[PDB]
>>> print(open('upload23.txt').read())   # compact mmCIF, C-alpha atoms
# COMPACT_ATOMS: atom_id res chain seq x y z
CA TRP A 101 31.71 29.93 -12.17
CA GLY A 102 30.53 32.65 -9.79
CA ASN A 103 26.89 32.80 -10.88
CA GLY A 104 24.71 29.73 -11.24
CA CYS A 105 26.79 27.74 -13.73
CA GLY A 106 30.03 25.84 -14.25
CA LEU A 107 30.80 27.16 -17.73
CA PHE A 108 31.72 30.53 -19.25
CA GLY A 109 30.86 33.06 -21.93
CA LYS A 110 27.30 31.98 -22.73
CA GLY A 111 23.90 31.15 -21.27
CA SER A 112 20.18 30.85 -21.87
CA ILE A 113 17.16 32.44 -20.17
CA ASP A 114 13.42 32.75 -20.85
CA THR A 115 12.01 36.10 -19.71
CA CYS A 116 8.23 36.18 -19.27
CA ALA A 117 6.11 39.15 -18.17
CA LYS A 118 2.33 39.16 -17.86
CA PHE A 119 0.86 41.75 -20.21
CA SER A 120 -1.50 44.35 -18.79
CA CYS A 121 -3.15 46.98 -20.98
CA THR A 122 -3.82 50.23 -19.13
CA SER A 123 -5.48 52.03 -22.05
CA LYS A 124 -6.59 50.99 -25.54
CA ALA A 125 -7.97 52.77 -28.61
CA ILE A 126 -10.88 51.32 -30.61
CA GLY A 127 -11.68 51.62 -34.32
CA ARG A 128 -14.98 51.51 -36.21
CA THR A 129 -16.00 50.49 -39.73
CA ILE A 130 -18.71 52.36 -41.63
CA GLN A 131 -21.54 50.56 -43.41
CA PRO A 132 -22.95 52.33 -46.51
CA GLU A 133 -26.66 51.96 -45.71
CA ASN A 134 -26.15 53.18 -42.14
CA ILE A 135 -24.95 56.58 -43.36
CA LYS A 136 -27.55 59.32 -42.93
CA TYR A 137 -27.50 62.92 -44.15
CA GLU A 138 -29.45 65.74 -42.50
CA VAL A 139 -29.83 68.36 -45.24
CA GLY A 140 -31.31 71.69 -44.24
CA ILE A 141 -33.39 73.15 -47.07
CA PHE A 142 -34.98 76.60 -46.98
CA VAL A 143 -36.89 78.93 -49.29
CA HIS A 144 -36.85 82.70 -48.75
CA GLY A 145 -40.23 84.25 -48.00
CA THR A 146 -41.18 87.01 -45.61
CA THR A 147 -38.67 86.63 -42.77
CA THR A 148 -37.40 88.37 -39.64
CA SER A 149 -34.09 88.21 -37.78
CA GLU A 150 -35.73 85.55 -35.59
CA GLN B 1 33.41 -1.44 -8.97
CA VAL B 2 30.55 1.04 -9.21
CA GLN B 3 28.74 1.33 -5.87
CA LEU B 4 26.81 4.40 -4.73
CA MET B 5 26.79 5.07 -0.98
CA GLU B 6 24.77 7.85 0.64
CA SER B 7 24.39 9.54 3.98
CA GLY B 8 22.55 7.16 6.27
CA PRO B 9 19.27 7.59 8.14
CA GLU B 10 18.89 11.21 9.23
CA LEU B 11 16.79 12.61 12.06
CA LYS B 12 15.21 15.96 11.22
CA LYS B 13 12.56 18.40 12.43
CA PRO B 14 10.22 20.63 10.40
CA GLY B 15 11.72 24.01 9.59
CA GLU B 16 15.37 22.93 9.41
CA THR B 17 17.70 22.30 6.46
CA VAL B 18 19.67 19.26 5.30
CA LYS B 19 22.22 18.34 2.63
CA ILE B 20 21.93 14.68 1.60
CA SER B 21 25.26 13.28 0.42
CA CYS B 22 25.79 10.66 -2.29
CA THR B 23 29.32 9.28 -2.52
CA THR B 24 30.19 7.42 -5.72
CA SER B 25 33.02 5.03 -6.58
CA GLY B 26 34.33 3.03 -9.50
CA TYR B 27 34.11 5.86 -12.04
CA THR B 28 35.13 9.45 -12.63
CA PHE B 29 32.54 11.57 -10.85
CA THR B 30 31.87 14.42 -13.30
CA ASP B 31 31.32 11.84 -16.07
CA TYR B 32 27.93 10.57 -14.81
CA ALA B 33 24.92 12.66 -13.79
CA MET B 34 23.13 11.83 -10.56
CA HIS B 35 19.48 10.81 -10.84
CA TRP B 36 17.65 11.67 -7.63
CA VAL B 37 14.52 9.66 -6.82
CA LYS B 38 12.30 10.13 -3.77
CA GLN B 39 10.31 7.19 -2.35
CA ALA B 40 7.01 8.44 -0.97
CA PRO B 41 5.75 7.11 2.40
CA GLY B 42 3.18 5.17 0.39
CA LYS B 43 6.14 3.41 -1.27
CA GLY B 44 5.66 5.43 -4.45
CA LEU B 45 8.96 6.26 -6.16
CA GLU B 46 8.76 9.95 -7.09
CA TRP B 47 11.62 11.10 -9.32
CA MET B 48 13.28 14.24 -7.96
CA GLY B 49 15.56 15.10 -10.87
CA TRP B 50 19.02 14.72 -12.34
CA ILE B 51 21.99 17.04 -11.89
CA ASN B 52 24.23 17.72 -14.85
CA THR B 53 27.54 17.06 -13.17
CA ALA B 54 30.12 18.70 -15.39
CA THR B 55 29.12 21.97 -15.24
CA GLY B 56 27.43 21.10 -11.92
CA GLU B 57 23.92 21.83 -13.21
CA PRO B 58 20.85 20.60 -11.29
CA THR B 59 17.70 19.81 -13.26
CA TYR B 60 14.64 19.71 -11.00
CA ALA B 61 11.34 17.98 -11.43
CA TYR B 62 8.89 20.86 -11.14
CA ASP B 63 7.25 19.56 -7.95
CA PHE B 64 10.66 19.45 -6.24
CA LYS B 65 11.83 22.93 -7.25
CA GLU B 66 13.06 25.80 -5.08
CA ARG B 67 12.92 24.03 -1.71
CA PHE B 68 15.44 21.38 -2.88
CA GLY B 69 18.88 21.54 -4.43
CA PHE B 70 21.57 19.45 -6.11
CA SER B 71 25.17 20.34 -5.20
CA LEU B 72 28.44 18.58 -5.93
CA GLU B 73 32.00 17.95 -4.80
CA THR B 74 34.23 16.75 -7.63
CA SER B 75 37.46 15.57 -6.02
CA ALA B 76 36.07 13.02 -3.54
CA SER B 77 33.24 12.00 -5.92
CA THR B 78 30.44 13.04 -3.55
CA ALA B 79 27.10 14.30 -4.88
CA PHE B 80 24.94 16.33 -2.49
CA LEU B 81 21.17 16.77 -2.18
CA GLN B 82 20.33 20.00 -0.35
CA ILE B 83 16.89 20.54 1.19
CA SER B 84 15.58 23.76 2.72
CA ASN B 85 12.58 24.26 5.01
CA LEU B 86 12.08 20.64 6.06
CA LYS B 87 8.53 19.28 6.12
CA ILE B 88 7.04 16.23 7.82
CA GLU B 89 5.59 15.04 4.49
CA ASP B 90 9.19 14.72 3.27
CA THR B 91 9.87 11.78 5.59
CA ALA B 92 10.93 9.18 3.06
CA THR B 93 13.87 7.38 1.48
CA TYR B 94 15.98 9.20 -1.11
CA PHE B 95 18.22 7.69 -3.79
CA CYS B 96 20.97 8.61 -6.26
CA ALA B 97 22.03 7.01 -9.54
CA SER B 98 24.94 6.89 -12.00
CA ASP B 99 23.70 8.38 -15.25
CA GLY B 100 23.35 6.30 -18.40
CA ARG B 101 21.20 9.19 -19.79
CA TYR B 102 17.93 8.26 -21.54
CA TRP B 103 18.36 4.61 -20.53
CA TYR B 104 18.69 5.80 -16.88
CA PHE B 105 21.30 3.97 -14.88
CA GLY B 106 22.86 0.62 -14.10
CA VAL B 107 23.57 1.21 -10.40
CA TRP B 108 21.22 2.31 -7.61
CA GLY B 109 22.31 4.42 -4.67
CA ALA B 110 22.42 2.97 -1.17
CA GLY B 111 19.52 5.20 -0.10
CA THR B 112 18.91 7.89 2.51
CA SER B 113 15.92 7.75 4.86
CA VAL B 114 15.04 11.22 6.15
CA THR B 115 12.77 11.41 9.20
CA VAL B 116 11.09 14.77 9.80
CA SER B 117 9.28 14.72 13.15
CA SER B 118 9.23 16.65 16.42
CA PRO B 119 9.76 13.98 19.25
CA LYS B 120 11.97 13.42 22.28
CA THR B 121 14.41 10.51 22.33
CA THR B 122 12.55 8.01 24.47
CA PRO B 123 13.04 4.46 25.73
CA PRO B 124 10.29 2.02 24.71
CA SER B 125 7.63 0.72 27.06
CA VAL B 126 8.35 -3.01 27.07
CA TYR B 127 5.50 -5.07 28.50
CA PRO B 128 5.50 -8.85 29.07
CA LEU B 129 2.11 -10.00 27.83
CA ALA B 130 0.44 -12.85 29.71
CA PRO B 131 -1.75 -15.04 27.47
CA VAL B 132 -5.21 -15.96 28.75
CA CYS B 133 -7.11 -19.23 28.38
CA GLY B 134 -8.41 -18.28 24.94
CA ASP B 135 -4.85 -17.51 23.81
CA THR B 136 -3.74 -21.17 24.00
CA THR B 137 -4.77 -22.95 20.79
CA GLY B 138 -3.41 -26.17 19.32
CA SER B 139 -0.79 -27.30 21.86
CA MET B 140 1.02 -23.93 21.62
CA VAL B 141 0.96 -20.98 24.02
CA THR B 142 1.51 -17.73 22.15
CA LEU B 143 3.51 -15.10 24.02
CA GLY B 144 4.00 -11.46 23.10
CA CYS B 145 6.01 -8.36 23.90
CA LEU B 146 4.64 -4.83 23.51
CA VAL B 147 7.26 -2.24 22.50
CA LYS B 148 5.58 1.13 22.98
CA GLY B 149 6.65 4.72 22.46
CA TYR B 150 10.32 4.61 21.45
CA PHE B 151 12.33 7.13 19.48
CA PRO B 152 14.34 6.83 17.33
CA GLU B 153 14.58 3.64 15.27
CA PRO B 154 15.66 0.89 15.32
CA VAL B 155 14.97 -1.51 18.19
CA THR B 156 16.35 -5.05 18.39
CA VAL B 157 13.66 -7.29 19.88
CA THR B 158 14.86 -10.83 20.61
CA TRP B 159 13.64 -13.63 22.88
CA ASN B 160 15.89 -15.22 25.52
CA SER B 161 18.92 -13.48 23.97
CA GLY B 162 17.66 -14.58 20.55
CA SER B 163 17.94 -18.27 21.44
CA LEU B 164 14.40 -19.07 20.24
CA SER B 165 13.54 -17.52 16.87
CA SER B 166 10.98 -20.25 16.07
CA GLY B 167 7.63 -18.49 16.39
CA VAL B 168 9.07 -14.98 16.71
CA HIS B 169 7.39 -12.35 14.54
CA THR B 170 8.76 -8.83 15.04
CA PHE B 171 6.15 -6.46 13.63
CA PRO B 172 6.81 -2.97 12.23
CA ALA B 173 6.11 0.21 14.17
CA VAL B 174 4.17 3.29 13.02
CA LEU B 175 3.94 6.87 14.25
CA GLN B 176 2.08 7.84 17.43
CA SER B 177 2.86 11.42 18.50
CA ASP B 178 6.11 10.90 16.58
CA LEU B 179 6.79 7.83 18.74
CA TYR B 180 6.98 4.25 17.51
CA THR B 181 4.96 1.31 18.83
CA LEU B 182 5.56 -2.27 17.72
CA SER B 183 4.78 -5.68 19.20
CA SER B 184 6.64 -8.98 18.92
CA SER B 185 5.07 -12.41 19.47
CA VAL B 186 6.95 -15.64 20.11
CA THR B 187 5.13 -18.91 19.39
CA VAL B 188 6.26 -21.80 21.60
CA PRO B 189 4.36 -25.00 22.48
CA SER B 190 2.24 -25.12 25.63
CA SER B 191 4.70 -27.48 27.33
CA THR B 192 7.42 -24.81 27.17
CA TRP B 193 5.51 -22.13 29.09
CA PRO B 194 5.56 -21.30 31.83
CA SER B 195 7.90 -24.28 32.23
CA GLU B 196 10.77 -22.69 30.27
CA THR B 197 11.89 -19.09 30.58
CA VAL B 198 10.69 -16.84 27.76
CA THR B 199 12.00 -13.26 27.95
CA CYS B 200 11.69 -10.67 25.20
CA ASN B 201 14.95 -8.71 24.95
CA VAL B 202 14.38 -5.24 23.47
CA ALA B 203 17.66 -3.54 22.55
CA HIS B 204 17.20 0.16 21.72
CA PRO B 205 20.75 1.51 21.27
CA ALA B 206 19.38 4.85 20.07
CA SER B 207 18.02 5.47 23.57
CA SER B 208 20.68 3.11 25.03
CA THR B 209 18.07 0.86 26.66
CA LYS B 210 18.27 -2.95 26.62
CA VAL B 211 15.09 -4.20 28.29
CA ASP B 212 14.42 -7.78 29.40
CA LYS B 213 10.84 -8.78 30.25
CA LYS B 214 9.62 -12.29 31.04
CA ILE B 215 5.96 -13.24 30.63
CA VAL B 216 4.41 -14.72 33.78
CA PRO B 217 1.21 -16.80 34.01
CA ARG B 218 -2.05 -15.45 35.39
>>> encode(input="upload23.txt", output="structure tokens")
Amino acid sequence: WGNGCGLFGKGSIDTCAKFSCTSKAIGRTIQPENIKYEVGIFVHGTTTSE
Amino acid sequence: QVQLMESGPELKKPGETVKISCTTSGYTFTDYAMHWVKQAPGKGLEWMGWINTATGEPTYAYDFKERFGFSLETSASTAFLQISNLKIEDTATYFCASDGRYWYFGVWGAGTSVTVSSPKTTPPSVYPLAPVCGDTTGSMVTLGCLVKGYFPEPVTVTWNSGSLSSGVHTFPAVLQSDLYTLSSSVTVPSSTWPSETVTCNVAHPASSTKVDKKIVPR
């Protein structure tokens, strides 16, 4: 009877808080045709350290 | 018998607070909720809300929330309507009801007219109004009484101590600088004026002024 109501032992409330995202991660999905491969190929001839 | 009486007409100013009382009879008080209904100045009835009485729980209509309140007193069967931060737009008549739940109620409250304004209590300006030549039409001379700038309501405007009510029309008054201006016209035949005395008696007990003005010919 002290707080807000004339009954005892129970109650009901709805607590709402606006959501705010400070930071978010992002994922990616890989398409098969989009995949590229850079393949270095070399044959040994006359060479230097350079 | 179930009869709902309320606090009478109340004089208020913007920025104050008020608790509007509704006293109920004929039934046990906590057994019926109190439906609160505001009547807008445009004579719209705007429903304020109902207070669960048991349990003492007010239920507001969303427009009425947080500046209004519903409070109760169980023993003397008096329901209270509390208002904080009075506003001039709240000048209106307020009502209470004895709850029959989703069918509403069978008994209406007596009503409470709140007046939110910022005037000084003032006696009216009571002017005997002399009719001209164009004012006499069809064997009757119309006479009139201007009641100007009085606060607060009401004013009792009679003619010759109310002896002649025949052609008397007492018109309503509206707000001018929070002062009220009305006019009253008595219709008597041309043979009765200015042969017989015609005096408009304006009784304003709120300002304690009873004014007697007789119209004289020009």
>>> closest_atom_pairs(input="upload23.txt", of="chain A", to="chain B", cutoff="10 Å", atoms="all atoms listed in the file", output="Markdown table")
| residue | atom | partner | partner_atom | distance |
| --- | --- | --- | --- | --- |
| A:101 | CA | B:55 | CA | 8.9 |
| A:104 | CA | B:57 | CA | 8.2 |
| A:105 | CA | B:55 | CA | 6.4 |
| A:106 | CA | B:55 | CA | 4.1 |
| A:107 | CA | B:55 | CA | 6.0 |
| A:108 | CA | B:55 | CA | 9.8 |
>>> atom_distance(input="upload23.txt", atom1="atom CA of residue 115 of chain B", atom2="atom CA of residue 200 of chain B")
27.3 Å
>>> residues_around(input="upload23.txt", residues="residue 125 of chain B", least_positions_apart="4", cutoff="12 Å", atoms="only C-alpha atoms", output="ChimeraX atom specification")
/B:145-151,155,179-183,202-204,207,209-213
>>> residues_around(input="upload23.txt", residues="residue 143 of chain B", least_positions_apart="6", cutoff="8 Å", atoms="all atoms listed in the file", output="list in words")
residues 129, 130, 131, 185, 186, 187, 188 and 215 of chain B
>>> atom_distance(input="upload23.txt", atom1="atom CA of residue 168 of chain B", atom2="atom CA of residue 92 of chain B")
27.8 Å
>>> axis_aligned_box(input="upload23.txt", around="segment 135-141 of chain B", padding_each_side="4 Å", output="AutoDock Vina command-line options")
--center_x -1.9 --center_y -22.4 --center_z 21.7 --size_x 13.9 --size_y 17.8 --size_z 12.7
>>> closest_residue(input="upload23.txt", among="B:98, B:197, B:161, B:139", to="residue 31 of chain B", atoms="all atoms listed in the file")
B:98
>>> residues_near_point(input="upload23.txt", point="(2.6, -22.8, 20.1)", cutoff="8 Å", atoms="only C-alpha atoms", output="NGL selection string")
:B and (136-142 or 167 or 187-190)
